[PDB]
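Chemist: need coordinates for the below:
(chains A, B, C, D, E, F, G, H, I, J, K, L, M, N, O, P, Q, R, S, T, U and V)
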22 protein chains.
Amino acid sequence: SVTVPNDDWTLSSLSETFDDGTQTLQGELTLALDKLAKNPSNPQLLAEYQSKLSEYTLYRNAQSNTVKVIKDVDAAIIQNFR
Amino acid sequence: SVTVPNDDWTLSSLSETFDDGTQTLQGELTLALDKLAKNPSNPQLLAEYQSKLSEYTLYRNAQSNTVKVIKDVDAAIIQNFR
Amino acid sequence: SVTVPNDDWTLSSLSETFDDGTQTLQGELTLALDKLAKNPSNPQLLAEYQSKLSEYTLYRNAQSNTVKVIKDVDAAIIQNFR
Amino acid sequence: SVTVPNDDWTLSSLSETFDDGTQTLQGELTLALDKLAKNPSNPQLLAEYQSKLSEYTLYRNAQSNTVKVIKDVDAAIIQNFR
Amino acid sequence: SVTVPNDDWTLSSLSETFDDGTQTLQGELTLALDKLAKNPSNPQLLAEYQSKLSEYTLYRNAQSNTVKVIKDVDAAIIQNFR
Amino acid sequence: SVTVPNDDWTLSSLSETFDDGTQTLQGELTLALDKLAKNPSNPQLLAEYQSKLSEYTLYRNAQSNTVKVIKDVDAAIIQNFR
Amino acid sequence: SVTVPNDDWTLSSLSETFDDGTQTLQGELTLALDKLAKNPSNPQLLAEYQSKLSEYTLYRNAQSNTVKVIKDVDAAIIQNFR
Amino acid sequence: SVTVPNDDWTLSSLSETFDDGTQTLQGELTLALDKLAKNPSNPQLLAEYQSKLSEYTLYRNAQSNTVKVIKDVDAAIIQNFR
Amino acid sequence: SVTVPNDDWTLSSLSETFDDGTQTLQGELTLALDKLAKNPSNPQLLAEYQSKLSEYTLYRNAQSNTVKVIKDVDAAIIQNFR
Amino acid sequence: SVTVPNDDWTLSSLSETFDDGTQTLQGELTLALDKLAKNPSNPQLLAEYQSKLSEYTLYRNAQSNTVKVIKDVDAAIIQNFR
Amino acid sequence: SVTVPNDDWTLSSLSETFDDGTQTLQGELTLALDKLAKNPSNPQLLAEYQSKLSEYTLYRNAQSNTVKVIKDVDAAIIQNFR
Amino acid sequence: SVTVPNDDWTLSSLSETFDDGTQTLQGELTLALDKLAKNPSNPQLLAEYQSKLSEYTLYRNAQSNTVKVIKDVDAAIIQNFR
Amino acid sequence: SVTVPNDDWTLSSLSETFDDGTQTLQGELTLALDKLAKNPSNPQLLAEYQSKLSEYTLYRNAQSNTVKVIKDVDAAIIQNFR
Amino acid sequence: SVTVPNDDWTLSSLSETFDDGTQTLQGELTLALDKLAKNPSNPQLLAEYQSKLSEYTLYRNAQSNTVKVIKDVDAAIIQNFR
Amino acid sequence: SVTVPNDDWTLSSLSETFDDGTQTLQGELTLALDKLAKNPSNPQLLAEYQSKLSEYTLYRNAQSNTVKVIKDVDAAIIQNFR
Amino acid sequence: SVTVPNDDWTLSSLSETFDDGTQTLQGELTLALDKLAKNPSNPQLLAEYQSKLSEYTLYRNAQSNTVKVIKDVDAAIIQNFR
Amino acid sequence: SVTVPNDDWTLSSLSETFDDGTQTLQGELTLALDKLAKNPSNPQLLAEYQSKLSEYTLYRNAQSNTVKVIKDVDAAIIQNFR
Amino acid sequence: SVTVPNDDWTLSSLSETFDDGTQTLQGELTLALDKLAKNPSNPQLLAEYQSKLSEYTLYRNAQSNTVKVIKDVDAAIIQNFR
Amino acid sequence: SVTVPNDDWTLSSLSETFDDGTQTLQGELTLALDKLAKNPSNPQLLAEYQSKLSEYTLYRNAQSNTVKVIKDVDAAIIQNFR
Amino acid sequence: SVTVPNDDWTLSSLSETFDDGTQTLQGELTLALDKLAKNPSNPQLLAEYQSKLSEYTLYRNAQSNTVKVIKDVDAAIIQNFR
Amino acid sequence: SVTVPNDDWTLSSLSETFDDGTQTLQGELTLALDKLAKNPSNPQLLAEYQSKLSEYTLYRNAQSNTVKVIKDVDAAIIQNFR
Amino acid sequence: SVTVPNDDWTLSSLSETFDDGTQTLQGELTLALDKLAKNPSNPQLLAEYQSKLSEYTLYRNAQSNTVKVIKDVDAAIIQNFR
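Modeler: Numbers count the residues shown, from 1 in each chain, chains lettered A, B, ... in the order given. Please find the structure below.
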């Protein structure tokens, strides 16, 4: 009915956000990676550069965790499932 | 008689609402889940993220309670029975 | 004679109404129940949700009183007896 | 006599209702089917999607039970016989 | 009778939804396709880009499965048959 | 007698439905036609756009079959004859 | 008779409206409350925020008067009695 | 009925706003905190940095009052209850 | 119906993006070309300057592949078809 | 009867869509035209700029085909006739 | 609703400006102070160095009036209140 | 009936606008105030800063007229009464 | 004889109407009452809300005159006596 | 008889419309009033704002003519008398 | 309605521009004035320094025409009226 | 009947559009006026600035034709009459 | 004899019809009157609104001819005499 | 007899439709007129704007043919005569 | 309807772009002119300075072709017509 | 929803600033260190060179406090958490 | 749309660079030429003075290759075309 | 959608940075190389001149490592992939 397309609408929008967030993550990923290379001097950038991301605790570093970066996008649809 | 289809009509509409509400719940579910992941920083979102839902007291968190989310849809028809 | 089928007619119609009213009650029952769940926020809906029904005084809440809801239909035929 | 057409009238109306209910069932059937496809995410819809229908207990799912959906219409006339 | 146009009404609406969903799928299809081309960098988008769609399990990728995208619209009327 | 106007009544109503269905068909016809033009991209819409209508099997496409669309209205009265 | 279900119908609809109005009031209530918190700067919002509601004179502020907000729903059925 | 999903809709939207406001608060929180650290020189920033927030009177400083920042989000749903 | 303009809307927006991306590609194209000429010294820029673009693998060089640059815009509408 | 205004309603809505689509076409027309002038550099835009529109195959270019653009609006009512 | 976050947005931006202006004032403050010390020779710089600031009339000298400099930032939020 | 919630709907929306306008006024108020302070140099800003607002004639200056700014919000509901 | 049941028939029907009218009055009563509360703004509704009912002259307001509303039903049987 | 409740029905419905129209007028009234205040700039809105309403000739401005706005509702029942 | 805040939005933005332009004029004013003083040598700067501004013909010199500079800001709102 | 409020609805909406268009015209009016003043250099803007508006032929310039701008709003209601 | 009550019966029924027709006329009268007021725009409604009624030729307008409306009821009994 | 009011009923309903259609025509009339003015650019709208209406062939343009628009309403009653 | 303001919106935006492009052209025009005067040495700048602009082929030189520069703005609205 | 990417946006920007500040700190760090080595003569530079940084009180010396310099970057994300 | 001015912006900037590079080339050209004349002694300067410029291989000597120097500027726009 | 061009934007900017950094590296490369040749005396410059670059540890010497210098640019896009 009307109801159905609602879900499509919501899902569509929702999925949209997910992609955006991930892509945003991608964007950051570029930045993060660049920084370390750019400025070797400060190890911290590197430290940030490589890390795991716990959601709350950690600062996600896209480059550091390949899985994380990839994970979000694929994850997101799973999240959609959730 | 006329009467019968009335029930069908009512039931149909009523059931319709239930699905909608649940789906709406689903929609929120997506949002809720996303938020926590999106913003690790604020634990509250997470706090909201995971909780039980009492109907009145609690704010339902779809993701937090899988059972809750699922529960509503199946519940609803039961509610129809009620 | 003619007279007899009159009673059948009347009774039939009358019974018809009873079922309708009850069913209507059922329909409301669905609505009422849904509302409380739907909107936890307003306790009043819940308050309405659970109550006894005096005929005059009370607002009947089908869900609140299982007996009431059931009662009407069975009652109605009794009423027919009355 | 007069009496005869009464039965025709009643039967006609009665049959009418049956068709309506079934058709209504058909209508729901469309909705139900659509929902699952539409929203894969919530398994419940699927769960509802496939089930048997006991009259009282179960929520009938037209698509799930082909026999059920078909059954009602043909059944109804049988019911008329009843 | 009245009943007939009901089916037409329902069917009409129902069919309407189907088209909408499919079209929505089309809309997503455009987005999905674009994304991969747009951002080569993240393979995931591509991964999403090409996949089969199980209804529940999979995330449907319109572009990936031509059949899927087409399938829904034609399917939908079949669904109407269902 | 009374009987006669009954037929008129029935016929009138019945004819009414027929017109409605056809008109409904007309309404769909507009939609169907529009869709294909509107969205060239999905051939399916076009595919639907042009087809024969078997009653059961086919999805009727008003625009595709001029005869079909016209057919129903004129047919309907014939149906009345039937 | 017919008459009876009429009352049920009317009452049902009428009650429906009442709930809607109240709920609407609830909706506003959320808005009203939010505004004051949101914008501390303008005291007026606060002023509106807290007030009594005379029906005609006053602008009802749900949050300001808890009793008012609650009052309407329960009141409404009383109104039904009226 | 229709009415129910209305509440869901309203609530959903309303809740949405709350999250936004809080998040906005979060955003400011980041800014506020940064400023003080960034510019030690002007104590005022610090002064702003730490304070209580009365709603009207005070300028809320997220960092200064941890409780405040957290409070809003959780509060908001409570507000929803209100 | 409503549905139709939806497609137009989506298509319009979608097409819009495509043009933007291509144009963006154009913009880059200008930059890329300029760089090589500007800085002969670093062959890499030239190397980048001329290449094929695989979507994922390659870095697209607009100038290097005339076809690629042109391709996207025309392609995009095709993509719209897809 | 009721039936008649139905057609008016449908027709009205349907016609509404047509105008919208055409107007949308107009809107695109403005964009399309502008682009070519704006960016001479990319011939493709021009190429798109001038073309015939087959419905499926071609990308319609309003400016390129004056007839096409005009055609749709006038056509649409004809389509209404269809 | 939407409306609420608007205020947050506006307020956020507005507050942002205030801080900027003040900070700018701070920046000038540094310059102003430096100048006098730097160039003792020209008393005017000193004269400028110390003064009250009327908004219109006076040239504000941050260093001269400690209160003024501080005043703006704290003032600004008050201004926000205004 | 239906009618009632219409008023609620209208009123709700209407009230919504009023708040928005006022808030907008608030937003401007912030800007206006800031400007004068920011740029003492141009008296005009100040001139604008302080003035009465006739509706048509005058340019309203929120800060200049406290009453005006406040007035609108409270006024608006009165306007609602009107 | 035959004659007697005639009176019963007539009386029964007649009484039926009376109840209906009164109930109808009741229905209006609900509406009328609701309106005033619903829309405080227009005093007229209130004005209508409270009034006496002359039969011809006045518009009866059930809520305004309790006696009137009650009066009709009891009156009606008296009317039957008349 | 049957006839009587017919009048009640008609009157009820008819009265319903009147209220609706008036209320609608009220709704417009809010809009109209708002506009002038909102946009002082265009005197026309004001011009519209204040005017008499001839039924045919004039555009009714609720706010401009208090009597008019009020008039309709009270008038309507008179109209009912008519 | 929605419409109203549109005007506010537009007006707000529009007014914003006006202020900006004027302020820009102010900025130029500073520059212009400075130049003449700075470089006495070239009379032209002075010549530019003092002049009337026709809109098209003349180059506006803020300092030269006090009225002009002031005029724009106040004018602008008038322009808003226009 | 139902029919009446339909006209009100339509008229209301229709009138709404008119105001919007006019207001939009107003908005443009502001822009148009500003441009000429802003950029004296290009006479064309001025040329556009002052002109008559034929509906089709001319580009309407609100400022140029006072009558035109005013005309639309008042006209619109006349148009409503049409 | 039997014969007498026949006349009473016939007369009673006949009179009944007359009242109904007149009342129906009354009902239309309400509608007719409303329409003109409701839609000033179309003079035709007004034209219809005021007219004489020849029986065959004219369309009776109750409101237009007070005498006509009244006339029918009183007339009817006269007609009974006829 | 019964028969008579039947005609009244039918006529009443039938007339009702006519008015509706005409009014609908009126509604379209508003739209049609608006469009041309709104969008001068597309002559087609104008072309549609002015035309004769053959019933089948032509698309009726209310504004274009004053007579047509008026004609329908008055015509309709004539049609009733037919 | 809604549709109309859409065109206004689109047109408004579209026109906006045109002005921008032209103005941009104006901006370039200033630059281009300046360059030649500034650097007599390189004839190329002059060569660029004076030329015709074919859209694709030529590089437009505003100063060189007065008509071109002017042309765009006026043209643009024509383009709007297109 | 929209909301989510907002946080990403804000966070992204916010994080960006943090890095910048830290990096800026790094830049200063280089300068500070260099100075002392460069100019042994003035101990003050050295004194500045080595110190703790309280935020307000102290002048941070990156080199002096290794922890401080490092601290900011890592801290910043923590700050983000804050 | 927005998109268009983007191209203008990009193109404008891009073109800007080209001119700059060429001009820079011009600047070098002056230097290069001067050097040879200035220092006859070192033939190398002369050798550099006259040469062809391959982009990568050669060091461009503006004076040596007149065509080269000129070429870049004109070329650049061509490059823009590219 | 919007989202797509975001990536393009980000990527474009990001890529821009990479080129800049590399080019910067190129610039340094020139300096570094020059220094050693310029000042043979200090071997350190030479030592710096030739080295490997670890990112953190080493100071990159463009000339020393040809691969490094080249590597960055090509690498960067790879980094983009990352």
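
Chemist: contact partners for the closest residue to chain C within chain A?
Modeler: Evaluated by CB to the nearest CB, chain A has residue A:3 as its residue closest to chain C, separated by 14.9 Å. C-beta here means a position set from N, CA and C on the backbone, and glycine is covered the same way. Neighbouring residues of residue A:3 by CB atoms under 8 Å, 6 or more residues apart in numbering or on different chains: B:16, B:19, B:20, B:23, D:31, D:35.

Chemist: residue A:56 too?
Modeler: Applying CB under 8 Å, 6+ apart, the residues near residue A:56 are B:40, B:41, B:43, B:46, T:81.

Chemist: follow-up on the earlier one: from residue C:31, how far out is the residue of chain A closest to chain C?
Modeler: According to CB to CB, to the nearest Å, residue A:3 and residue C:31 sit 17 Å apart.

Chemist: for chain A, longest helix please?
Modeler: The residue-count maximum for a helix in chain A (DSSP state H) belongs to helix A:3-38.

Chemist: got the phi/psi numbers for the residue of chain A found nearest chain N?
Modeler: Residue nearest to chain N within chain A: residue A:2 (24.8 Å; CB to the nearest CB). The phi/psi pair for residue A:2 (degrees, to the nearest 10) reads phi -60, psi -40.

Chemist: my read: it touches residue E:17, true?
Modeler: Yes: applying CB atoms under 8 Å as the test, residue A:2 and residue E:17 come out as touching, 7.3 Å apart.

Chemist: which of these two has more neighbours?
Modeler: The neighbour count for residue A:2 versus residue E:17, taken as other CB atoms under 10 Å in any protein chain shown, is higher for residue E:17 (22 against 11).

Chemist: give me the nearest residue to the more buried one, chain neighbours excluded.
Modeler: residue A:4 (4.8 Å; CB to CB, 6 or more residues apart in numbering or on different chains).

Chemist: that neighbour against residue E:19, yeah?
Modeler: No: Residue A:4 is beyond contact range of residue E:19, at 11.1 Å (criterion: CB under 8 Å).

Chemist: residue A:73 and residue A:17 touch, don't they?
Modeler: No: here residue A:73 does not reach residue A:17: they are 11.9 Å apart, not a contact under CB under 8 Å.

Chemist: show me what contacts the residue of chain A closest to chain N?
Modeler: Here residue A:2 is in contact with residue E:17 (CB under 8 Å, 6+ apart).

Chemist: same check, this time on residue A:55
Modeler: B:36, B:37, B:40.

Chemist: look up how far residue B:66 lies from it.
Modeler: Separation of residue A:55 from residue B:66 (CB to CB): 18 Å.

Chemist: before we move on, what about residue A:47?
Modeler: On the measure of CB to CB, residue A:47 and residue B:66 end up 37 Å apart.

Chemist: and these two? Which one has more around it.
Modeler: Counted by other CB under 10 Å, residue A:47 and residue B:66 do not tie: residue A:47 has more neighbours, with 16 against 11.

Chemist: just say helix, strand or coil for the more buried one.
Modeler: helix (DSSP: H, G, I helix; E, B strand; the rest coil).

Chemist: so it sits against residue T:74, correct?
Modeler: Yes: using CB under 8 Å, residue A:47 is in contact with residue T:74, at 6.9 Å.

Chemist: report the buried residues of the helix or strand where residue A:68 lies.
Modeler: Using DSSP states H and E, residue A:68 falls within helix A:66-81. Using 16 or more other CB atoms under 10 Å in any protein chain shown as the test for burial, helix A:66-81 gives A:68, A:69, A:70, A:71, A:72, A:73, A:74, A:75, A:76, A:77, A:79, A:80.

Chemist: can you pull the contacts of the fourth one?
Modeler: Which is residue A:71. residue A:65.

Chemist: closest residue of chain A to chain K?
Modeler: Counting by CB to the nearest CB, chain A gets nearest chain K through residue A:13, at 15.5 Å.

Chemist: count the neighbours of that residue for me.
Modeler: 15.

Chemist: tell me how far the residue lying closest to it once chain neighbours are set aside lies from residue A:16.
Modeler: Nearest residue to residue A:13, sequence neighbours excluded (CB to CB, 6+ apart): residue T:1, at 6.4 Å. From residue T:1 over to residue A:16 the distance is 9 Å, taken as CB to CB.

Chemist: likewise residue A:26?
Modeler: 15 Å.

Chemist: do the same with residue A:63
Modeler: With CB to CB as the criterion, residue A:63 and residue A:16 are 25 Å apart.

Chemist: out of the two, which sits in the more crowded spot?
Modeler: Taking neighbours as other CB under 10 Å, residue A:63 and residue A:16 compare with residue A:63 leading, 22 against 19.

Chemist: what's near enough to touch the more buried one?
Modeler: Contacts of residue A:63 (CB under 8 Å, 6+ apart): A:29, A:32, A:33, A:36, A:49, A:50, A:69, V:82.

Chemist: can you classify the spatially closest residue to the third one that is not a sequence neighbour by secondary structure?
Modeler: The reference is to residue A:33. With sequence-adjacent residues excluded and distances taken as CB to CB, 6+ apart, residue A:33 is closest to residue A:63, at 4.2 Å. What three-state DSSP gives for residue A:63 is coil.

Chemist: what about residue A:63, distance to residue R:82?
Modeler: According to CB to CB, residue A:63 stands 82 Å off from residue R:82.

Chemist: any idea how many residues pack against whichever residue of chain A sits closest to chain O?
Modeler: Residue nearest to chain O within chain A: residue A:9 (20.5 Å; CB to the nearest CB). With neighbours defined by other CB under 10 Å, the count for residue A:9 comes to 14.

Chemist: ok, now which ones touch it?
Modeler: Contacts of residue A:9 (CB under 8 Å, 6+ apart): residue E:24.

Chemist: from chain L, how far off is it?
Modeler: Using CB to the nearest CB, to the nearest Å, residue A:9 is found at 22 Å from chain L.

Chemist: what of residue A:21?
Modeler: Using CB to the nearest CB, residue A:21 is found at 30 Å from chain L.

Chemist: what's the neighbour count on that residue?
Modeler: Counted with other CB under 10 Å, residue A:21 comes out at 21.

Chemist: residue A:57 now?
Modeler: Neighbour tally, residue A:57, other CB under 10 Å: 9.

Chemist: ok, now residue A:6?
Modeler: 18.

Chemist: so it is in contact with residue B:20, correct?
Modeler: Yes: at 7.3 Å, residue A:6 counts as touching residue B:20 under the criterion of CB under 8 Å.

Chemist: CA-only coordinates of stretch A:7-16, as PDB, when you get a sec.
Modeler: Taking Å, rounded to 0.1, in the frame of the first residue of the first chain, the C-alpha atoms of stretch A:7-16 are listed here in PDB:
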ATOM      1  CA  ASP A   7       9.900   1.500   3.900                       C
ATOM      2  CA  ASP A   8      11.500   1.900   0.600                       C
ATOM      3  CA  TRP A   9      11.700   5.600   1.200                       C
ATOM      4  CA  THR A  10      13.100   5.200   4.600                       C
ATOM      5  CA  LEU A  11      15.500   2.500   3.600                       C
ATOM      6  CA  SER A  12      16.600   4.400   0.700                       C
ATOM      7  CA  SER A  13      17.300   7.500   2.800                       C
ATOM      8  CA  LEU A  14      18.800   5.400   5.500                       C
ATOM      9  CA  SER A  15      21.000   3.600   3.200                       C
ATOM     10  CA  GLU A  16      22.000   6.900   1.700                       C
END
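
Chemist: which of the residues in that stretch are buried?
Modeler: A:7, A:8, A:10, A:11, A:12, A:14, A:15, A:16.

Chemist: just these now: which is nearest residue G:59?
Modeler: Proximity of those to residue G:59 (CB to CB) peaks at residue A:10, which lies at 34.3 Å.

Chemist: residues contacting the residue nearest to residue E:17?
Modeler: D:31, D:34, D:35, D:38, E:17, E:20, E:21 are the contacts of residue A:4 under CB under 8 Å, 6+ apart.

Chemist: if we go to 6 Å?
Modeler: Applying CB atoms under 6 Å, 6 or more residues apart in numbering or on different chains to residue A:4 gives the contacts D:34, D:38, E:17.

Chemist: perfect, I'm done here.
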